[PDB]
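Only one chain comes next, encoded as structure tokens, the form deposited in one PDB entry.
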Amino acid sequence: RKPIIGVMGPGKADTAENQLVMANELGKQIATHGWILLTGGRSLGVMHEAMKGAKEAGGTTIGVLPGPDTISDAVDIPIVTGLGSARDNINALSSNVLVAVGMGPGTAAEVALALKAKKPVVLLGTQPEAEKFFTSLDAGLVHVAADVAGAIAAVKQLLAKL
């Protein structure tokens, strides 16, 4: 069974370009390590980039969508859930590790839900407020990474322990 790595980030308009770069590179390295990328299939911000990156590097991608899937070609496997744009809905109970790249309400909710699920989360491109808050929720499950390499190292290690 290939490890499944989750990526979550804000959608287009509330995303710094450094985060799209970080997302795509992470994408790359997720695929490069032989891991499946699981992310939203909605083809906009951080997630689309991760998917482009994973797919470019030969990786298998999974794109979660809610409804009538009109979905980047970076997606290999669309999981259409039927639920809302409330999330974010919530299959990163499927990932071995979750990586957040940036932050916003949707991402915060999925990070919390993964902590609640006792899954480890790597926080990349988030701000002090987020890092501290999430580390306060579960210091044992939250890993702050300075950059993509750091994020990928955190993941590799968490996988080695499993």
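Definition used throughout: the rigid core is the maximal C-alpha set that superposes within 1.5 Å between two forms. Just count from 1 along the sequence shown to find any residue number.
There is another form of this protein, the form deposited in another entry, and it is not shown here; the text below is about that form.
Once the cores line up, the CA of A86 ends up 2 angstroms or more apart between the shown form and the other one. Panel note: the distance between the CA atoms of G104 and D88 is larger in that other deposited form than in this form, the difference being 3 Å or more.
Between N89 and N96, the Cα spacing is smaller in that other deposited form than in the shown form, differing by no less than 3 Å.
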